Structures are given as C-alpha cells and as structure tokens.
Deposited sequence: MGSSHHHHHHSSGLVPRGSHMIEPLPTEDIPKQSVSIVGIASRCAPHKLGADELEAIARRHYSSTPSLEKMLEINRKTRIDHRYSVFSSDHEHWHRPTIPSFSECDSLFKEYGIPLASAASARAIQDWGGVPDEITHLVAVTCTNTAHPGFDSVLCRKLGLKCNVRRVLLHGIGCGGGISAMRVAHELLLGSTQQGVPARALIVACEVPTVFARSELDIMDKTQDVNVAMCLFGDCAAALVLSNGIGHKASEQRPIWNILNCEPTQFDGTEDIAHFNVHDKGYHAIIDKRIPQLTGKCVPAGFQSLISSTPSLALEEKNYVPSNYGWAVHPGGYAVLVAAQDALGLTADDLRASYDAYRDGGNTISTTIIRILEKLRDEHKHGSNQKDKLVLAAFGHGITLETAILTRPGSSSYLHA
C-alpha cells in the first residue's frame, strides 16, 4: 500500500510585479545609487516574465514613507497570506474530492511569517477541519520546504498504514515574501550591498492532499502519483551560503553568488543518494541515469535550473514545467515545487510523460530535499 498524491492546487497573488513596477517602487523612495542601479539591471535579466504580489500598485505598502514594522509584517501576512492559503487549500481539497472532516493531518510550511499560534491554527478554523486534526508547522527550511512537507506527510501517513487506519494529509505552503520588500530595499540602500532577492521572489500559496489508501471512498480522486521515497542531504561546509536572518523590520535575505556552482556539484550526489536508499531501485544501474526520469527542480534562480540541467545531463525541455513556473510566478519559495507538480499534472491530463518523477529543491542548511514519485 502506497502513499499517493490525490489533490493539487496553487494560487499566486493577484498583482503583477514586473520590472517596471519594481523600478517605480524603488525610485519612488530612493535616489539613484550604484547598488540600486545594479539591482535594477539584474532585475531585467532574471528571465522572469511575471511575478506576483498580494499588494496592488496603489497599495500603501508601496507608498508609505516608513518601513513596515515586524508587527505590521505579521499582520500583513495574516491579512493577505492566510486567505491565499485557505483558497489554495480549499481548491486542493475540492480537487481531491473528499470532505474536510476526513483530513487527519495538516502539514504547513512558511518562511515568511513567525507567529504563535502559527498560521496552520487559523487555517483549521477557516477550512472547518476536525478539532483533533494533527498539525505540524515546519520552520527553518526555506525553498526546500515544499518537498520537506511531502517527506514528513509521507512518513506520517505510513505511520497510520502501520496502525491500519485511514489518513489524509493536507499539505499547505504559504509564502508572502513581498511583505519584506520595503525592508530589503532599505537595507540595500544603506549598505550598498546588492540584494538579488529583490528580483527573484513572489507571493503564492499551494496545497497537496495525500492519502495512505486505506478506507478509500468513491468521491475521492484516484492516485495521481505514488510517493515511493524521500531523501534529504545536508552538505558539509555550506552553512554560510544562504541565510534568511531575522532583524527588527522582519527577515533579511543573503543569496550567495556560488549557489549555482554548488547546485551542479550537489544535485547529482543527492540523486544517487536517493536511488541508493530506494530498495526497489538501488540494484539496477539504469535507475542511476537521471534522463531515465521525469524531473521537477526548484528554480532558486534561472542559473540554478541551468546548473542542475547541465549536471544531470538533461535538456531544458525535460525541465519545461520548472522553467515555466519560474518564468510565470518567480521564486515562490516552498510553494514553487507544488506549482510545478500542478503543471505536470495538467500536461498529462491533456496528453503527454515518464513513469518515474524526481523532485529536488535546495533549502537552508545547505540542505537538498528529494522525492521520487511514480505513475500509478
């Protein structure tokens, strides 16, 4: 009996944040400096057509003279982020076909909010989940969070299979990084340190429903993929690469330039490691060829996709859904990998893929999260 994905949905924020818009925001508040000019130059070269923010162009977030406090950043996440997560969660539940009452587990992840109770608590009320639903709010993992949530939900659901009881996990990722856009711009102004995070990140929520297969009801969608195995790796001497550090006005991003080189080095290692720990694949040598698999890779940036593509011997077309998600949506952190899965699901619904699918995503650590999924 396998754990399967039975519901997928995602929801980008409504308002486009194109190069023009970001430039208009930036220049509205800061007189030209060499770092500002370099940031805006890089911003038109990212190969992102569309990014989205929960804040429209006329929103006070973009016009206010002061930098939003941490308190205000939290309120903003509650105001705009949680509804985005409710909508995405509801859409995935609708896609699944079951009823909220029979979600046994909730696995939530965000790196753009910290709160007690976490946003998962509010979500339970909004969605009408049972009072004894079993929740987990992941922290500290960043862009690796989507697959990280999958890994956890997968094992939790195997725990119920062990007990012989039904389990349905709702996985919800919610990211609103544009909340911190005003703070990042200020820090880049003052320090003159180019912050490429200004150009990469967008707002989004996304959800999956997983099932352990026990007590299957007729109203429920049959498995889209089975999750065969998930395997994390933390790499030595990489802690000081990517940090998302707390400060007074929220969180500050540090994106190291060596990220794409690191990606090329590490992904093939992670892949081999994942196959070696998958008993039904570890023996055969053909299972160790990346091109024998479908691929979804978290687009930390354009250069990260290329590095992985090259290192794995793939073509850009193998990674078409990952490029598409990045091109239309940006880096939406923990939600991006679910948006890619949704694109892959949609392509196949309309005719297309390979039997096995590998998911990969670098998070903070530096950690590589992987998963192997199979066509039922």
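(request) List in ascending order the stretches of the deposited sequence, numbered from 1, that lack C-alpha coordinates. (result) Those parts of the chain that were deposited but carry no coordinates are 1-32, 385, 410-417.
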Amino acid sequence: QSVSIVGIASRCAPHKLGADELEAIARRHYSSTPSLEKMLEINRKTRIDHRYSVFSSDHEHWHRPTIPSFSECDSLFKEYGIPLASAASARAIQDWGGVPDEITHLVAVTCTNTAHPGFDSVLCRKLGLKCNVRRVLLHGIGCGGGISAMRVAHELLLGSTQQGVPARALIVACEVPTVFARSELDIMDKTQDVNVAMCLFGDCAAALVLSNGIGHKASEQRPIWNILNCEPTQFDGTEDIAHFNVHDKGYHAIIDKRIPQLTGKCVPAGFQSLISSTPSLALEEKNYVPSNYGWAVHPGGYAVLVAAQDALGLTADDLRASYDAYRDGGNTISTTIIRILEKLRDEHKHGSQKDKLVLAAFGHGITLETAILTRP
From here on, numbers count along this sequence of modelled residues.
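(request) Could you check which stretch, 238-246 or 270-278, carries the larger mean CA temperature factor in the entry? (result) Mean B over CA atoms: larger for 238-246.
(request) Tell me which of 187-195 and 156-164 has the higher mean C-alpha B-factor in the deposited entry. (result) The stretch with the larger average C-alpha B-factor is 187-195.
(request) Please work out which residue in 295, 288, 96, 302 has the highest C-alpha B-factor recorded for this crystal structure. (result) If I rank 295, 288, 96, 302 by C-alpha B-factor, first place goes to 288.
(message) Can you tell me which of 254, 208, 204, 138 has the maximum CA B-factor listed in the PDB entry?
(response) Going by the entry's C-alpha B-factors, 254 comes out highest.
(message) Using only modelled residues of the chain, where does the Cα B factor of residue 259 rank: lowest third, middle third or highest third?
(response) For residue 259, the deposited C-alpha B-factor lands in the highest third.
(message) Based on the deposited C-alpha B factors for this chain, I'd like to know if residue 339 is in the lowest, middle or highest third.
(response) Answer is lowest: the recorded C-alpha B-factor places it there.
(message) Based on the deposited C-alpha B factors for this chain, I'd like to know if residue 358 is in the lowest, middle or highest third.
(response) Residue 358: CA B-factor falls in the lowest third of its chain.
(request) State the tercile, meaning the lowest, middle or highest third, of residue 331 with respect to the CA B-factors recorded for its chain. (result) It falls in the bottom third of the chain.
(message) Looking at the temperature factor on the CA atom of residue 151, which third of the chain's modelled residues does it land in?
(response) For residue 151, the deposited C-alpha B-factor lands in the lowest third.
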